[PDB]
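>>> Sequence first, structure after, both from an experimental entry:
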Amino acid sequence: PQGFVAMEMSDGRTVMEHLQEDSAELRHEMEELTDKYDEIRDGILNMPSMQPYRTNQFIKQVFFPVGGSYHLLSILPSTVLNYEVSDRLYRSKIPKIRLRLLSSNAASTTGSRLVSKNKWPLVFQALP
RNA sequence: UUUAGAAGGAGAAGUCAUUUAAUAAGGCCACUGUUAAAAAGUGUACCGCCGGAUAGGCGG
C-alpha cells in the first residue's frame, strides 16, 4: 500500500490526494480493474494511528532525573522530521552532511514509506 | 543510570604521448632621530707536607 499510494496519476498528483477527493478519474480507473475500490479506499483512509505498546532491547532507553527520582525515557526517532529536514537541506547552503549507510534492503525492512524514499538523508553538521 | 550496551572494512594494480608566451614602457617631489648611563662580578688561582693512597687531611 505504501507503493500503491505513492503512484502519480495523469495530473501528476498522488493516489492519496485522488483518494481523499474520491476523484472520478481514480474511481473510474480502479473500477475498471476491481469492484473492491470502495473498501480499498475506506481501509486506506481509516488506517489506525501507530500506538506504542511495548519496548525492546533495541530501543534506546535513557534515564532522566526528575526531582531526585529518575524517569526511564524510551527515545523514538522521528521520520517526518527526517524527511522534511533531508528535503529542505537539499535546497540550502547550510553546512550539511549526508548519511549514506542504509542499504535498500535495510531501508525496506524499516517498513516506512519515507525511509524508503529517504534512505540516504542529509543532516545538519553541528561541529565546533 | 549518559540516542545506554556490541563491532577486523579488505585483497590487487603502467597514467602516458606532443608543444615559441611573447610585443611596449619616466616612479618621482619634501623631510632635524634625540636627551641620560661605574662593566661590573676579588674572572682565577699558588708551592709544599702527611697518607699505599685515586680515599682523606695539612701548613704557609
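The structure has been received and is ready for your questions. Residues are numbered from 1 along each chain as shown, chains lettered A, B, ... in the order given.
>>> Give me the distance between the closest residue to residue A:6 other than its chain neighbours and residue A:92.
On the basis of Cβ to Cβ, 6 or more residues apart in numbering, the spatially nearest residue to residue A:6 that is not a chain neighbour turns out to be residue A:14, at 6.4 Å. C-beta: built from backbone N, CA, C; applies to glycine. With the distance defined as Cβ to Cβ, to the nearest Å, residue A:14 ends up 25 Å from residue A:92.
>>> Wait, a helix at residue A:18?
Yes: using DSSP: H, G, I helix; E, B strand; the rest coil, the assignment for residue A:18 is a helix.
>>> Name the nearest residue to it, ignoring sequence neighbours.
The spatial neighbour of residue A:18 that comes closest, neighbours along the chain excluded (Cβ to Cβ, 6+ apart), is residue A:26 at 3.9 Å.
>>> Likewise for residue A:22?
Closest residue to residue A:22 in three dimensions, ignoring its sequence neighbours and counting by Cβ to Cβ, 6+ apart: residue A:41, at 6.8 Å.
>>> residues near that neighbour, how many?
Neighbour count for residue A:41, taken as other Cβ atoms under 10 Å: 18.
>>> My read is that it contacts residue A:19, right?
Yes: between residue A:41 and residue A:19 there is a contact at 5.4 Å, judged by Cβ atoms under 8 Å.
>>> what's the residue of chain A found nearest RNA strand B in contact with, if anything?
RNA strand B sits closest to residue A:63 of chain A, with a gap of 3.0 Å, by Cβ to the nearest atom of the strand. With contact set as Cβ atoms under 8 Å, 6 or more residues apart in numbering, residue A:63 has these partners: A:70, A:71, A:72, A:73.
>>> Swap in 6 Å and give it another go.
Counting by Cβ atoms under 6 Å, 6 or more residues apart in numbering, residue A:63 touches A:70, A:72.
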